[PDB]
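Given next, in structure tokens, is a single chain: the form deposited without the partner chain.
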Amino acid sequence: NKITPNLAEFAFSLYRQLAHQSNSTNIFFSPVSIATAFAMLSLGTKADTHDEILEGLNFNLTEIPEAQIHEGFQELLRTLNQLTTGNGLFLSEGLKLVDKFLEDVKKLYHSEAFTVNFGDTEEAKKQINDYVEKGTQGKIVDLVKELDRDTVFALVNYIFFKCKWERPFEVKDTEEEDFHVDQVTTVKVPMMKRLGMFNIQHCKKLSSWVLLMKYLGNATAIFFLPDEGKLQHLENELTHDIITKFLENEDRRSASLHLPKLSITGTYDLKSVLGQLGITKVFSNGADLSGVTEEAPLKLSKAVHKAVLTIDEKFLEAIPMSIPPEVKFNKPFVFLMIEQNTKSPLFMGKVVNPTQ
């Protein structure tokens, strides 16, 4: 797991940017799928264009060799393959493509590349969206809304995750509860609750409750419920070592946990978003994509990421007679999904309003 620290720092730089944009919308994205997509894309780039991408993924190219970077990602794909994800490359049908790139995309990163007639904008937009919808079986519809006029290369990265808890909730105990969108305003949401033994603890550094729940597939969801007026403090203080320390501890205590059902999405323009992380040339006219096509000019004019999450109710636990704490996730909270093997950040998000 040599590239795990870089993924974690890429997750945070990506999160802190989205949280800076707007603080009133739900955030949810996959650092792993985005970084894998652009690490794979780098195989067809050279020189500054190539360096901007790996550096943009938080890889110090003067310290870690690229062989380890791609080896780390491919070793992560072997682990990762209910999680449905896909990355589609759509290239203009008039381009002479380099076989090496198409091999690397299919063999090494297990991704898909298609040739499109970008002369028909509406039909290109349809084939792109039909591909996503077919890969998510209708969960993600009409992803791409528009295409630039000079579009000759589009990238689409989708991921849909349905969480199956190790310790499930009982549907009969789910009912409507207030969700405090702020200190004086509430909104009713469906709220799951269970009295049991949880990996839960209040953290002084983070000023937050920290809940860890395993789900089926050797991965763990970490929820950070900040104290009153501590959301910004929580987001600033999060580090990979703090997260790793929590994964190490397995001690449980009793609590009456209230956790809302979640059906949230995140749709992001990777050209805009990754542009503020330093990845700009691959989207510009001076892009060195000579590993993709050898003679014609090429640039990535479209890159979209959509991530969809479903949290619901989806072994006997002995509960002491002491008064259990009441931990309600009824206000904005931060969360991550961590793969247990590689410790890599599968997903990261913030719920400002489950009903949004």
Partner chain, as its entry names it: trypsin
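Numbering follows the first chain given and starts at 1.
Heads up, the form deposited with the partner chain bound isn't pictured, but that's what we're talking about next.
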**Study point:** Residue contact check: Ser290 to the partner chain in the deposited bound form, 4.5 Å heavy atom
**Key:** yes
Point to revise | Distance check, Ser284 to the partner chain in the deposited bound form, heavy atom within 4.5 Å | key: yes
Review point. If you check in the deposited bound form, is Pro320 within 4.5 Å of the partner chain, heavy atoms only?
Key: yes
Check your understanding: Hey, in the deposited bound form, is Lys299 touching the partner chain, heavy atoms inside 4.5 Å?
Key -> yes
